[PDB]
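A.B. asks: One structure, as structure tokens, below. Some questions next.
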Amino acid sequence: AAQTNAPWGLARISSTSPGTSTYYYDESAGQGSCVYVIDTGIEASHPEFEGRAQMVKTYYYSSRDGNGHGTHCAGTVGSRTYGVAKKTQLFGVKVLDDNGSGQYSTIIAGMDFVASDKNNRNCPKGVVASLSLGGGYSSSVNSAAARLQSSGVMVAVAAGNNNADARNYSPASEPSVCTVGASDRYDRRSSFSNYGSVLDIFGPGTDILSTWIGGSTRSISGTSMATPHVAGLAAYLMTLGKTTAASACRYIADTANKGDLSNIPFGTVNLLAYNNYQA
Ligand SMILES: [Ca+2]
Ligand SMILES: [Ca+2]
């Protein structure tokens with residue numbers, strides 16, 4: 001398959017060079033895979049999801065996404081125009097309120113929930129979880145993200161938008177999960193991107209066009225927008241039988257784009273997510 005005039009983030013994942021505008025992906029598009037989107041929830045009624053998005057849990061009182069953050073990142077995972085795993089099943093767990101805030105107890109309970117409701121769903125190819133939140137260091141949310149990864153889920157988390165070492169932030173500094181940095185249009189490190197040895201992979205995170213609440217589309221930039229690129233890539237890769245949730249992150253790093261990024265500090269990886277699809 002091939003999508004013309006794609007968002008720069010989609011085309012970059014299917015490329016060895018920046019600047020391309022066509023996104024090349026296998027026709028499977030990650031069908032049979034599930035990606036839990038742990039954010040502000042998802043607006044399931046968006047025409048870009050096509051019944052593939054679903055609100056399965058809210059830790060507030062309404063499954064609405066009255067923020068737009070969670071609908072944007074879920075769009076990058078597997079919507080029609082802006083998703084990398086265009087046929088995946090999107091499950092929306094709402095740990096962030098309509099302001100983008102969220103207590104660690106709520107974020108932890110959301111990860112503990114995904115690991116259980118995973119067994120109540122039909123995901124033959126496997127399960128993915130994209131946690132594009134980020135707070136200060138916590139031993140317990142690092143522990144909760146590891147429990148999600150150990151339970152059989154590919155866990156992609158945001159590196160943080162602090163321009164510092166991601167070792168001070170959670171769940172980013174959890175070694176078991178996949179910490180995703182953000183890159184911009186020209187294969188530079190995003191000016192907000194966290195770095196450090198904790199990061200496992202980079203993704204398009206600057207000016208990422210995706211869906212938005214109210215049936216709209218808009219671009220926002222953050223490592224929280226680069227994370228869904230790796231979530232959908234892991235989903236799209238596990239559908240191909242190329243990798244397993246337990247090692248999707250390491251497989252993406254093995255088959256990434258080596259040394260293409262600039263502004264990478266010393267000790268941080270220089271890998272850009274690459275689906276390696278060749279038609
Ligand atoms: Ca998001
Ligand atoms: Ca490297």
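When we follow the entry's author numbering, the leftmost residue of the sequence shown carries the number 1, and every step to the right adds one.
Idealized CB from N, CA, C, for every residue including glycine.
According to DSSP, is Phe202 part of a helix, a strand, or is it coil?
C.D. replies: Note: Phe202 maps to strand in three-state DSSP.
A.B. asks: Should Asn275 be listed as close to ligand 2, given that the test is whether its C-beta is under 6 Å from any heavy atom?
C.D. replies: Checking the Cβ of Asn275 against ligand 2 gives no.
A.B. asks: Taking 6 Å as the cut-off, is the beta-carbon of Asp39 closer than that to any non-hydrogen atom of ligand 1?
C.D. replies: yes
A.B. asks: What does DSSP give as the partner residue(s) for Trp212 in the beta ladder?
C.D. replies: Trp212 is bridged to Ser216.
A.B. asks: Rounded to a whole number of angstroms, what is the C-alpha to C-alpha distance between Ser116 and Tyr186?
C.D. replies: About 40 Å.
A.B. asks: Cutting at 6 Å between CB atoms, please list the residues of its own chain near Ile213, excluding the five before and the five after it.
C.D. replies: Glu43, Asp65, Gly68 and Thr71
A.B. asks: Rounded to whole angstroms, what's the CA-CA distance from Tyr23 to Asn99? Just pull it up for me.
C.D. replies: 33 Å
A.B. asks: Answer yes if the region 83-90 comes into contact with the region 29-39, meaning at least three C-beta pairs across the two stretches below 8 Å, and no otherwise.
C.D. replies: A contact exists between the region 29-39 and the region 83-90.
A.B. asks: Over the uninterrupted alpha helix (DSSP H) stretch that includes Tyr251, give me the two end residues.
C.D. replies: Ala248 to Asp254
A.B. asks: Excluding the 5 residues flanking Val56 on each side, which residues of the same chain have their C-beta closer than 7 Å to its C-beta?
C.D. replies: Within the same chain, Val56 has close Cβ partners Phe91, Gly92, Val93 and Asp117.
A.B. asks: Does the region 2-13 come close enough to the region 195-211 to have 3 or more Cβ pairs within less than 8 Å?
C.D. replies: yes
A.B. asks: Taking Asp39 as part of the beta strand (DSSP E), name the residues at either end of that continuous run.
C.D. replies: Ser33 to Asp39
A.B. asks: Of all the alpha helix (DSSP H) runs that stay within the bounds of the region 69-138, which reach a length of 4 or more residues?
C.D. replies: 69-78 and 104-117
A.B. asks: Is any heavy atom in ligand 1 found nearer than 6 Å to the beta carbon of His229?
C.D. replies: no
A.B. asks: Do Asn270 and ligand 2 come close, with the Cβ less than 6 Å from some heavy atom?
C.D. replies: yes
A.B. asks: I think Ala74 touches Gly134, with their Cβ atoms under 8 Å apart; what is that distance to the nearest whole Å?
C.D. replies: That pair is no contact at about 17 Å.
A.B. asks: Can you confirm whether the region 137-149 touches the region 46-53 when touching is taken to mean that 3 or more C-beta pairs between the two stretches lie within less than 8 Å?
C.D. replies: A contact between stretches requires three or more CB pairs, one per stretch, nearer than 8 Å, and the region 46-53 fails this requirement with the region 137-149.
A.B. asks: Tell me which residues share the same chain as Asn270 and place their Cβ nearer than 7 Å to its Cβ, disregarding the 5 neighbours each side in the sequence.
C.D. replies: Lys258, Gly259, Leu261 and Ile264
A.B. asks: Could you tell me how far apart the beta carbons of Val84 and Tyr25 are, in whole angstroms, since I believe they sit closer than 8 Å?
C.D. replies: 7 Å
A.B. asks: Nearest CA to the CA of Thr58: which residue from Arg188, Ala109 and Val153?
C.D. replies: The residue with the shortest Cα to Cα distance from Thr58 is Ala109.
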